[PDB]
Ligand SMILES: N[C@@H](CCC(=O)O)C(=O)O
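As structure tokens, one chain now follows by itself in the form solved without the named molecule.
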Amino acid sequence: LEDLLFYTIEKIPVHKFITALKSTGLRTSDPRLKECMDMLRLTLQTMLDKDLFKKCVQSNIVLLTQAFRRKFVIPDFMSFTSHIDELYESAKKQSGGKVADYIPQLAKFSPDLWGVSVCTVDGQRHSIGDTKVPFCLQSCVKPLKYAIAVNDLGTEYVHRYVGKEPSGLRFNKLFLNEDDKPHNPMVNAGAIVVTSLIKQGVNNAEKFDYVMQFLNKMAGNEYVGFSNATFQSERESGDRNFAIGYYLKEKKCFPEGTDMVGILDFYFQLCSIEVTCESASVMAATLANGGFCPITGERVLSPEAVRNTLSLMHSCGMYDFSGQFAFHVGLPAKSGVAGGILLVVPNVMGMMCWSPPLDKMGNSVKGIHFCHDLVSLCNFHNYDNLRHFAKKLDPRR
């Protein structure tokens, strides 16, 4: 087992094994490779032979044997990145769009910041652009919390309070539907009702801690943060959200014993939660891997929740452009005012693209143009065929 892997590569210099290991798409910093890397650096305290290789690499031989036997979703990851970087450059030449300026903190960002980050369901990573820069998830948070609320409360309870449909264009300026419930969890009125359902007993700060760690697990312990800067400005300008909270209260859209102003405070807080492109890309891959975090192998979300989330991101995720997005891209995604697009390609990869300038609908101009180009090249559409995709390309093989 460790033995065949050895011959697959006299003896072996360290750099030779690390260069080939990186080619697969894995990063040496992978939590599943910690033992392999510790022993590898310990032996450099005391180039290696057969039984030595067997000593360092056996700790997680399974993952390493499958990585070198090309048993990942994308086998040739080095060509995939060449295609990703190609599309990144194509989208880059589009300087149109407007950066949101409705609060001072979103207006701070430069229009030239363009980042795209990939994380696959088998652990591989790729990045290009301004990916190490933090921004607030804003509305990208909506699926993340609905996935959480359904996890603890089941799909039936959550939908006593919220709907499962896209309202359209008109009727979508309406807070509630015929039955006095928000149309779906992906609109402001819906997210607030969703937000009220989590950790109903305890106080706000605990709920935040409860959610903040949930995102920590969905991201494989990468960067999640909080911008009190944006939180303050969001909390002192959302007059329209206060209109919603009062109509929800008037129509009894909350669980009994809910403090409406307490929920709205929590609502603003969650929108001010920070990520980078890379930290979020692992989250999207946790949605792409049935609830399991790719880079850690841990189990964070229930299959019932993950499914529903992708189902609603499909229909009502990308604002009013969802219909043309579900038609041409055929991938579940979520849009944010900071310019983030949280994309999920099921059984393949997770993804997060970012560019502050928004269009008439409120979506990342460079991100939409990129998402479209991603499907024009690869057979990733929801209703593409794995046998007959004509002039397309299948990176899974």
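Counting begins at 1, following the sequence as shown.
What comes next is about the form deposited with the named molecule bound, which does not appear here.
For a residue to qualify, one of its non-hydrogen atoms must sit within 4.5 Å of the named molecule in the deposited complex; all three of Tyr267, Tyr319 and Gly336 qualify. Only one segment in the set 196-204, 158-166, 220-228, 137-145 has any non-hydrogen atom within 4.5 angstroms of the named molecule in the deposited complex, and it is 137-145.
Of the heavy atoms in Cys271, some are within 4.5 Å of the named molecule in the deposited complex.
Heavy atoms of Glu234 reach within 4.5 Å of the named molecule in the deposited complex, making it an interface residue. The closest non-hydrogen atom of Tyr210 lies beyond 4.5 Å of the named molecule in the deposited complex. Taking non-hydrogen atoms only, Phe327 never approaches the named molecule to within 4.5 angstroms in the deposited complex. The listed set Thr81, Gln94, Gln105, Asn241 contains one residue whose heavy atoms approach the named molecule in the deposited complex to within 4.5 Å, identified as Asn241.
Residue-level contacts in the deposited complex: of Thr296, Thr258, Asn151, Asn188, one residue has a heavy atom within 4.5 Å of the named molecule, and it is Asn188.
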